[PDB]
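Numbering (the numbering used here), first residue to last: 2 to 487. All residues carry an ideal CB built from backbone N, CA and C; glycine is no exception.
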Ligand SMILES: CC(C)CCC[C@@H](C)[C@H]1CC[C@H]2[C@@H]3CC=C4C[C@@H](O)CC[C@]4(C)[C@H]3CC[C@]12C
Ligand SMILES: CC(C)CCC[C@@H](C)[C@H]1CC[C@H]2[C@@H]3CC=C4C[C@@H](O)CC[C@]4(C)[C@H]3CC[C@]12C
Ligand SMILES: CCCCCCC(C)(C)c1ccc([C@@H]2C[C@H](O)CC[C@H]2CCCO)c(O)c1
Ligand SMILES: Cc1ccc2c([C@@H](C[N+](=O)[O-])c3cccs3)c(-c3ccccc3)[nH]c2c1
Ligand SMILES: CCCCCCCC/C=C/CCCCCCCC(=O)OC[C@H](O)CO
Ligand SMILES: CCCCCCCC/C=C\CCCCCCCC(=O)OC[C@H](O)CO
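Below, the structure written as structure tokens:
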């Protein structure tokens with residue numbers, strides 16, 4: 002009885018009473034879960050000055066409201082239509098459906114603003130607090146929400162199959178198929194780009210790395226800066242002098258123990274060598290490992306170490322030793338440099354990869370890789386600089402390391418919580434955006450109408466799992482909620 006383009010609204014009521022009771026109870030319990038969780042998310046954010054001031058939680062707050070407002074309007078209208086068989090006019094029905102559409106596109110746009118926010122953090126790292134001001138983020142969210150609702154109000158104002166005498170959708174009453182066409186594409190292109198963006202943010206974040214500062218904390222030093230040095234040197238060197246430590250492997254053309262072994266030889270003729278002391282550590286290529294051990298007893302002020310050392314034994318090594326040399330050819334992550342600066346060792350390093358990004362002029366001395374003579378000058382510039390008080394510089398490494406590590410470790414987490422929110426949105430709404438595309442070109446049998454009715458519950462699942470993501474993936478939410486509820 003419903004083959005007409007202007008079909009009766011009864012033919013969208015595609016569910017049988019046992020099916021309605023199941024969908025109803027599932028809608029109510031699932032919806033009740035979303036309500037309780039999302040108002041809890043908002044209350045934690047809204048009632049804390051330290052939270053609501055960050056545009057990161059304007060974004061979390063945005064998703065919370067987008068979930069809360071859309072799901073509540075949906076569950077009320079969805080089951081009122083299906084179980085109570087509501088017979089609302091074309092305007093009021095399109096008005097209720099509009100509230101559900103505005104809420105979803107607001108989430109795609111809230112995801113979109115976050116993608117832009119991270120994009121400019123990667124492309125212009127130095128200008129981020131000035132370009133993403135809190136007020137700029139507030140209005141960027143504000144208008145985004147308005148453009149969202151405007152798209153939702155177009156059918157109400159006349160873009161529908163009744164006012165236009167066009168073709169009606171078989172899923173959505175009164176809705177024009179051409180407006181349906183337009184709506185999928187607009188969120189499909191955003192969601193598609195957001196997918197590309199979020200993968201790029203996650204790749205770029207993993208290009209940097211940080212260390213656990215608990216293991217590499219200075220608090221574990223048991224002795225003064227000069228005395229803790231003397232004793233460790235006393236175990237072998239038994240003298241007081243500036244010490245240059247190396248901790249890597251003995252490959253040729255990678256970590257740069259080759260460049261170091263050539264360097265040390267040309268400092269040996271100089272008189273100032275006696276002030277210097279060196280400690281080489283690691284295991285590697287048999288041709289050059291003996292080269293170091295041929296030099297452990299030839300000059301006698303150097304301990305080369307071939308066997309491994311526990312990561313908790315070397316924390317005291319980094320703190321007492323005056324200098325660490327990183328003559329690497331490739332170092333996208335200066336993890337060894339980070340652990341040294343985190344214990345106060347001043348780093349002389351190659352200008353390669355992270356070493357260049359981490360160490361600046363105020364923290365250490367940078368030398369072109371592959372030139373051992375330039376390295377020989379580095380520890381000579383480190384000799385004339387060692388006599389003058391360099392504790393004013395020793396602490397530049399103390400805070401540069403602990404701050405660089407926390408920006409790299411942070412950015413990793415944002416990139417993870419982002420994609421977590423994305424994938425759950427895709428597998429919840431992907432099926433829904435597929436059944437509508439099957440409607441744009443095609444026809445809905447009574448079956449595809451029924452499964453889409455049952456599949457519409459996914460929008461309430463998505464709204465319920467999002468607060469769980471924030472709860473697990475945000476130590477800040479946790480401490481705020483924890484302090485509110487002892
Ligand atoms: C009308 C029915 C269906 C829903 C009622 C709840 C509405 C009115 C509530 C729920 C959550 C609320 C939002 C929660 C937080 C903020 C951020 C604040 O900086 C401005 C107000 C704003 C944006 C609120 C506006 C009103 C709001 C959207
Ligand atoms: C379909 C919907 C989701 C599209 C959303 C469009 C969003 C991403 C666009 C539309 C209007 C835009 C804003 C318009 C003007 C300004 C002021 C400017 O000084 C900074 C950028 C800012 C704040 C823009 C940010 C991005 C913005 C909010
Ligand atoms: C028009 C843009 C689509 C937005 C997706 C909304 C969603 C997929 C969640 C949805 C919306 C509406 C319905 C029901 C379809 C029935 O054909 C008629 C009654 C609708 C519920 C009342 C909406 O206020 C749905 O199953 C899924
Ligand atoms: C039952 C109900 C409650 C609220 C709404 C809204 C607005 C809120 N206000 O009352 O209009 C919003 C819903 C979600 C975010 S904003 C629309 C709406 C939105 C845009 C265009 C057309 C209609 N329909 C609704 C239906
Ligand atoms: C549920 C959806 C609503 C979301 C609203 C947020 C609710 C988060 C409350 C969480 C569990 C409490 C766990 C205890 C909190 C501390 C966890 C922690 O990691 O503490 C580490 C600490 O720094 C050690 O030094
Ligand atoms: C129809 C409704 C449209 C939906 C729109 C959703 C936008 C909400 C986004 C985020 C919440 C983040 C919390 C923002 C609260 C900031 C309050 C604040 O910080 O006040 C400053 C003052 O200085 C304090 O002491």
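* Just the Cα atoms here: how many angstroms apart are residue 126 and residue 65? -> Looking up residue 126 in the chain shown gives position 125. Looking up residue 65 in the chain shown gives position 64. Going by the C-alpha atoms only, they are around 28 Å apart.
Unbroken beta strand (DSSP E) run spanning residue 304, endpoints
In the chain shown, counting from the first residue as 1, residue 304 sits at position 303. Its beta strand (DSSP E) spans residues 303-306.
- Task: Run the proximity test for residue 235: is its beta-carbon closer than 7 Å to any non-hydrogen atom belonging to ligand 6?
- Result: The residue you call residue 235 lines up with position 234 of the chain shown. For ligand 6, not one heavy atom lies less than 7 Å from the Cβ of residue 235.
Within the structure, which residues are defined as neighbours of ligand 4 by a Cβ-heavy atom distance below 7 Å, reported in chain order? 70, 71, 74, 77, 78, 96, 97, 99, 100, 103, 104, 107, 150, 153, 154 and 157
(Q) Given 7 Å as the limit, tell me if residue 454 has its C-beta closer than that to any heavy atom belonging to ligand 3. (A) As a working note, residue 454 is residue 453 in the chain shown. Residue 454 Cβ: within cutoff of ligand 3.
* Asked: How many angstroms separate the CA atom of residue 399 from the CA atom of residue 114?
  -> On the chain shown, residue 399 is found 398 positions in, with the first residue counted as 1. On the chain shown, residue 114 is found 113 positions in, with the first residue counted as 1. Taking the straight line joining both Cα atoms gives about 35 Å.
* To do: Under 6 Å Cβ to Cβ from residue 280, same chain only, skipping five residues before and after it: list those, please.
  => Position 279 of the chain shown holds residue 280. These residues qualify, in order along the chain: 246 and 304.
Spatially closest choice to residue 451 from 16, 6 and 53, by CA coordinates:
Within the chain shown, numbered from 1, the residue matching residue 451 stands at position 450. Of 16, 6 and 53, the residue nearest in Cα terms is 16.
Looking only at DSSP bridge pairs, what is residue 324 linked to? Taking the first residue of the chain shown as position 1, residue 324 is located at position 323. In the DSSP output, where bridge partners are listed per residue, residue 324 has 245 and 347.
**Report entry** Status (buried if at least 16 other CB within 10 Å, exposed otherwise) for residue 278
**Finding:** As a first step, residue 278 is located in the chain shown; it is residue number 277 there, counting from the start. Under this definition residue 278 is a buried residue.
Just verifying my parser: in three-state terms, what is the DSSP assignment at residue 456?
Residue mapping note: residue 456 aligns to position 455 of the chain shown, counting from 1. In this structure, residue 456 counts as helix in the three-state DSSP scheme.
Let me check you understand the geometry: is the CB of residue 182 closer than 7 Å to at least one non-hydrogen atom of ligand 2?
Within the chain shown, residue 182 is the residue found at index 181, counting from 1. Not so, every heavy atom of ligand 2 lies at least 7 Å from the Cβ.
inquiry  = ligand 7 and residue 49: does the residue's C-beta get closer than 7 Å to at least one heavy atom of that ligand?
reply    = With respect to small molecules bound, the structure shown includes ligand 1, ligand 2, ligand 3, ligand 4, ligand 5 and ligand 6 and not ligand 7.
Discussion item. Spatial neighbours of residue 157 within its chain, please: C-beta separation below 7 Å, excluding the five flanking residues on both sides.
Written reply: Position 156 of the chain shown, counted from the start, is the residue given in the question as residue 157. For residue 157, where only same-chain residues beyond five positions count, the Cβ hits under 7 Å are 92, 95, 96 and 99.
(Q) Any contact between the region 438-454 and the region 466-484? By contact I mean 3 or more CB pairs, one from each, below 8 Å. (A) no
Exercise for review: Spell out the partners DSSP gives residue 368 in its beta bridges.
Suggested key: Position 367 of the chain shown, counting from 1, holds the residue named residue 368. 351.
Is it the case that the region 169-187 contacts the region 140-148, given that we only count it when at least three CB pairs across the two stretches are under 8 Å?
no
(Q) Taking a contact to mean a Cβ-Cβ separation below 8 Å, would you say residue 340 touches residue 319 in this structure? (A) Here the question's residue 340 lines up with position 339 in the chain shown. Here the question's residue 319 lines up with position 318 in the chain shown. Yes. Within cutoff.
Note down, in chain order, each residue of its chain lying with its Cβ closer than 7 Å to the Cβ of residue 9, except the 5 sequence neighbours on either side.
-> The sequence position of residue 9 within the chain shown is 8, counting from 1. Result list for residue 9: 3, in chain order.
In chain order, what residues place their C-beta within less than 7 Å of a heavy atom belonging to ligand 5? 38, 41, 42, 45, 468, 469, 471, 472, 476, 478, 479, 480, 482 and 483
Exercise. Please list, in chain order, all residues of the same chain as residue 178 whose beta carbon is under 8 Å from its beta carbon, the five residues on each side excluded.
Key: As a first step, residue 178 must be located in the chain shown, where it is residue number 177. Within the same chain, residue 178 has close Cβ partners 162, 167, 168, 169, 170, 440 and 441.
- Measure the CB-CB distance between residue 313 and residue 216 and report whether it falls below 8 Å. Within the chain shown, residue 313 is the residue found at index 312, counting from 1. Within the chain shown, residue 216 is the residue found at index 215, counting from 1. Going by C-beta atoms, residue 313 is nearer than 8 Å to residue 216.
request  = Reducing DSSP to helix, strand and coil, say where residue 7 ends up.
outcome  = The residue you call residue 7 lines up with position 6 of the chain shown. In the structure shown, residue 7 sits in coil (DSSP, three-state: anything other than H, G, I, E or B).
Any heavy atom of ligand 3 inside 7 Å of the beta-carbon of residue 457?
Taking the first residue of the chain shown as 1, we reach residue 457 at position 456. Checking the Cβ of residue 457 against ligand 3 gives yes.
Can you list, in chain order, the residues of its chain with a C-beta nearer than 6 Å to that of residue 475? Leave out the 5 residues immediately preceding and following it. Translated into the one-based positions of the chain shown, residue 475 becomes position 474. Excluding positions up to five away in sequence, the list is empty.
Is residue 110 near ligand 1, with its Cβ less than 7 Å from a heavy atom?
Start at 1 with the first residue of the chain shown, and residue 110 comes out as number 109. The answer is no for residue 110.
ask   = Helix, strand or coil: which one does DSSP assign to residue 177?
value = Counted from its first residue, the chain shown places residue 177 at position 176. Strand.
### Task
Would you mind working out which of 392, 412 and 487 sits nearest residue 208, comparing C-alpha positions?
Counting from one through the chain shown, the residue named residue 208 turns up at place 207. Here the closest residue by C-alpha is 412.
| Three-state secondary structure (DSSP) at residue 342? | In the chain shown, counting from the first residue as 1, residue 342 sits at position 341. Of the three classes helix, strand and coil, the one that applies to residue 342 here is helix, per DSSP.
Quiz prompt | Own chain partners of residue 6 with C-beta closer than 8 Å, once the 5 adjacent residues on each side are dropped | solution = Walking along the chain shown from the start, residue 6 turns up at place 5. Excluding positions up to five away in sequence, the list reads 162, 168 and 169.
Residue 140: CB within 7 Å of a non-hydrogen atom of ligand 2 = Looking up residue 140 in the chain shown gives position 139. For ligand 2, at least one heavy atom lies less than 7 Å from the Cβ of residue 140.
* **Beta bridge counterpart(s) of residue 251 as assigned by DSSP** => To locate residue 251, count along the chain shown from 1; it is residue 250. DSSP output for residue 251 lists 285 as bridge partner(s).
Under the three-state DSSP convention, the category residue 437 falls into: Residue 437 sits at position 436 when you count from the first residue of the chain shown. Note: residue 437 maps to helix in three-state DSSP.
Under 8 Å between the Cβ atoms of residue 234 and residue 240? For the purposes of this step, residue 234 is taken as residue 233 along the chain shown, with counting starting at 1. For the purposes of this step, residue 240 is taken as residue 239 along the chain shown, with counting starting at 1. Cβ atoms of residue 234 and residue 240: closer than 8 Å.
task = Answer yes or no: the CB of residue 66 versus the heavy atoms of ligand 1, is any distance below 7 Å?
result = Translated into positions along the chain shown, residue 66 becomes position 65. Yes, since a heavy atom of ligand 1 falls inside the 7 Å radius drawn around the Cβ of residue 66.
**Prompt:** If you draw a straight line from the alpha carbon of residue 296 to that of residue 315, how long is it in whole angstroms?
**Reply:** Here residue 296 refers to the residue found at position 295 when the chain shown is read from its first residue. Here residue 315 refers to the residue found at position 314 when the chain shown is read from its first residue. Whole-angstrom Cα-Cα distance: 23 Å.
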